[PDB]
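Before any comments, here is the structure.
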Amino acid sequence: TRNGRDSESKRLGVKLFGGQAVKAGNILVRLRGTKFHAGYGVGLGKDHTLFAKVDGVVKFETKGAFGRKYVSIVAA
Amino acid sequence: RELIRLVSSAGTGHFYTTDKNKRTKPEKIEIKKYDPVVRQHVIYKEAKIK
Amino acid sequence: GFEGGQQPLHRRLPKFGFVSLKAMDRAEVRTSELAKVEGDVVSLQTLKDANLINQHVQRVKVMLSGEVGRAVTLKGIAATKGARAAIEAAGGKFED
Amino acid sequence: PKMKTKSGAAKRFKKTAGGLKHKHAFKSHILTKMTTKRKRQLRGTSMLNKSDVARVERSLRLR
RNA sequence: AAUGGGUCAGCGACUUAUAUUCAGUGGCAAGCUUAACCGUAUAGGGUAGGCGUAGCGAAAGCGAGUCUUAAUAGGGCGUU
RNA sequence: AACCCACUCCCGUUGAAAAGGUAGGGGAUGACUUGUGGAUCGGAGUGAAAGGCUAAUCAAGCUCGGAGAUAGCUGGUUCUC
RNA sequence: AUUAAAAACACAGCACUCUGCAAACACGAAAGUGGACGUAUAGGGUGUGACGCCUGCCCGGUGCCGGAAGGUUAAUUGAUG
RNA sequence: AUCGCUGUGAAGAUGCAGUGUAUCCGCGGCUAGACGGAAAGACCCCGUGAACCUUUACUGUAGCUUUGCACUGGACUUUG
RNA sequence: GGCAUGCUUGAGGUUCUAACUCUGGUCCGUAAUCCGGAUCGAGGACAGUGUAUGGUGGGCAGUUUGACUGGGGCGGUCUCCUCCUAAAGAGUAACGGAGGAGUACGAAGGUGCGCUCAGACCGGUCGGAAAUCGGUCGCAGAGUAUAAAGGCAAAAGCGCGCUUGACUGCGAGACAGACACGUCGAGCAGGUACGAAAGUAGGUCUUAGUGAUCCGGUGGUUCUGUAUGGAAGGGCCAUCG
């Protein structure tokens, strides 16, 4: 019945938007279960964190079947 | 889940530490694990942390 | 130290070691200083005759921090590898 | 000597030429819950960052 | 229509000591500086001691490196 | 009646009075009233008990020290651009 | 004492309980002193409060009194490892 | 150099706005206002304030009590 | 089995007198109800006192007795996770609206190989809407250890075979962030799982499942080790309360 109780608001979402230069370890998307999928040179960590495996710029392409949003890094 | 100790079958005194549900799996654990003091994989077989 | 009432840093982090009583009488004298003693010898009492090292020091190591200048003799005094090289290069010698 | 360093601060913060060293919390007495990756990364002796320096070396009587 | 003061004239509140840090300003400079004390005594002497010339490590120790490490790999701190 | 007390009203409240006056009231041979001298004193006395009293002071007198206690509180902080 | 004189306190009477005397008890680091130059019809504590009629039930809690002797249990002992 | 009203306003105005009244100054009275005067609100809150009382709060202590070892001995008997 | 006794010791009872006690008598100091001394008496190794120790002990003492709060008291709530409020990046308050957690798991982990769920339908000789299947339509609505949200075909769902990577040392670089904490992680070295091999594997679909320091305990250790050789204690590393 009685009612308080929130939690500490985990700061999720898109870091490193769609034209930005990335280094080879940077967190792309903090994610709660794959909104965005792992593209060309990006990694998919344990808690579905997208991180960069190479350098370049972020792409954010909507590719393929299943309508999936991909974060990929184009070496440019 | 009371915690146990898994000591190395090799001659060292190296131990990995974990839990176990005693009232469902009471027999001891003989899992092959990596010992750093000899630097090979050996069986670990122990309980009784005290 | 007081942080308003939370646990301050000097009570929240652990204590980490001991001080050696072995090293209260320890000393180091670098190679820039060995030309400053008189008498073409670097001894413990000779390093105390100049003010290069305190009284109540007993162990001196010589390390390499410059140029030795002269050809001095180091009795009873340890030296590092590069410092023994640079002392014996410019005419020095070494006994005990 | 007419300034007393806090003795609990001297046991916690050894001074080097790189700053003031300290050890980490959480590596005591609850070490099965933690992964090895957490116990590996609290093991060393870290530096003391900017927000803490003025307070610690005011406690360690150096300001 | 909150406090304070009837008014005047006197008085009445960031000091001092000792340790230290930063700035400014001087002296000496890989060195600088003395404390007690001595002194026909603000001189001169007294360099014991303090800080600097090297760091790393909890330490032994080793040292332009050192610690961790199985590692001459990585990494931390350091080095005209 | 003296004496001792203090129930009521009114006055007085900057009083004649830091607890009274005037009218009335209670006891008045007793568990009475009183002089003089003495005893008990500060977590300590004495109390037919009310936290009463202990020098106009009392849920711990007064004075002097620790002492310039302490105050995250209040008040104040003095010439000029 | 100085806003409460009362239904409050006290009281004779009552009951409980303690105390065999160097008393229980009180004040006293103690000596001592009060109780008391008294002695159970005395003395302390407690509650009730003349008188008249009375004063019911409960011994689980807690206290107080007595009881075996079983478990527990302190210093001190100091076997053995 | 101290009016009334209606507003306004730290929100109940002699002092603000607008507007009415009102020659200057006493004396005797009366108290409706000057949130009148008297007491750094007693109620309420707050202070990591205090005091004193309570207890089956915590921690102790006086006193009372148990045993050991001293002061403290011999002699017998029961007994391990 | 023990016969007997002494060389002893430990607990009781009774007795004795000599310690001790007497707020008993009588002398004496002395002209003294004090106090000593002598003696008689009585108790008696008890009493009592010192020290150690258990018990009792508001008789007395020093304290404590939380905060938030539409004033305070009462109730409720304090840490952590999920959604809304939250204004389409983060963040964002209320005694605002809703729910959860203080764990499970040695397989519910790893890997290789394989496979899709659920639902209507129509089928009556115990179940009759229903179990077991044969799936035509199907058309993610199933499942996921657990709340909610977000995700799942390379399924992250499901089955089987092997198995320990629920490794050690680290760690480029980021996310978060006052600090202490926290989150993700390519790669490198050493050894291993599976797989023919590319490769995957540093736990679990993801985010809760927790707790600083100081004290102690335990196992190592290259370190220290108060004259020296050792120990004691300390230090570091791992771990427990």
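Within each chain, counting starts at residue 1; across the structure tokens, chains are named A, B, ... in the order shown, with ligands numbered 1 upward in that order.
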Env of residue 46 of chain B: 10 Å cut, atoms = only C-alpha atoms (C1' of nucleotides), seq-sep filter 6 positions within chain, self excluded. Answer as a VMD selection string.
chain B and resid 4 to 9 15 to 16 28 to 30
What parts of chain D does DSSP call helix (DSSP H, G or I)? I'd like the answer as a PyMOL selection string.
chain D and resi 7-10+36-40+50-59
For residue 3 of chain E, find every residue with an atom within 12 Å (counting only C-alpha atoms (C1' of nucleotides)), except residues of its own chain fewer than 3 positions away, and show them as a PDB file with N, CA and C atoms (P, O5', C5', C4', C3', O3' and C1' of nucleotides), in the first residue's frame.
```pdb
ATOM      1  P     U F  74      21.416  32.390  15.069  1.00  0.00           P
ATOM      2  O5'   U F  74      21.315  33.718  15.917  1.00  0.00           O
ATOM      3  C5'   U F  74      20.128  34.004  16.622  1.00  0.00           C
ATOM      4  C4'   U F  74      20.322  34.991  17.739  1.00  0.00           C
ATOM      5  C3'   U F  74      20.937  36.320  17.401  1.00  0.00           C
ATOM      6  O3'   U F  74      20.076  37.163  16.678  1.00  0.00           O
ATOM      7  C1'   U F  74      21.753  35.573  19.469  1.00  0.00           C
ATOM      8  P     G F  75      20.678  38.216  15.642  1.00  0.00           P
ATOM      9  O5'   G F  75      21.467  39.242  16.538  1.00  0.00           O
ATOM     10  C5'   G F  75      20.780  40.220  17.286  1.00  0.00           C
ATOM     11  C4'   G F  75      21.712  40.908  18.233  1.00  0.00           C
ATOM     12  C3'   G F  75      22.805  41.736  17.609  1.00  0.00           C
ATOM     13  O3'   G F  75      22.365  42.979  17.111  1.00  0.00           O
ATOM     14  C1'   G F  75      23.720  40.458  19.319  1.00  0.00           C
TER      15        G F  75
ATOM     16  P     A H  40      14.115  41.664  30.196  1.00  0.00           P
ATOM     17  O5'   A H  40      13.791  40.634  29.032  1.00  0.00           O
ATOM     18  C5'   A H  40      14.844  40.091  28.249  1.00  0.00           C
ATOM     19  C4'   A H  40      14.353  39.539  26.938  1.00  0.00           C
ATOM     20  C3'   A H  40      14.400  38.017  26.812  1.00  0.00           C
ATOM     21  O3'   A H  40      13.294  37.533  26.052  1.00  0.00           O
ATOM     22  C1'   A H  40      15.725  38.994  25.132  1.00  0.00           C
TER      23        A H  40
END
```
At a cut-off of 10 Å, using only C-alpha atoms (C1' of nucleotides), what residues contact residue 18 of chain B? Leave out same-chain residues fewer than 5 positions from it and give the result as a ChimeraX atom specification.
/B:1-6,47 /D:31-33 /I:166
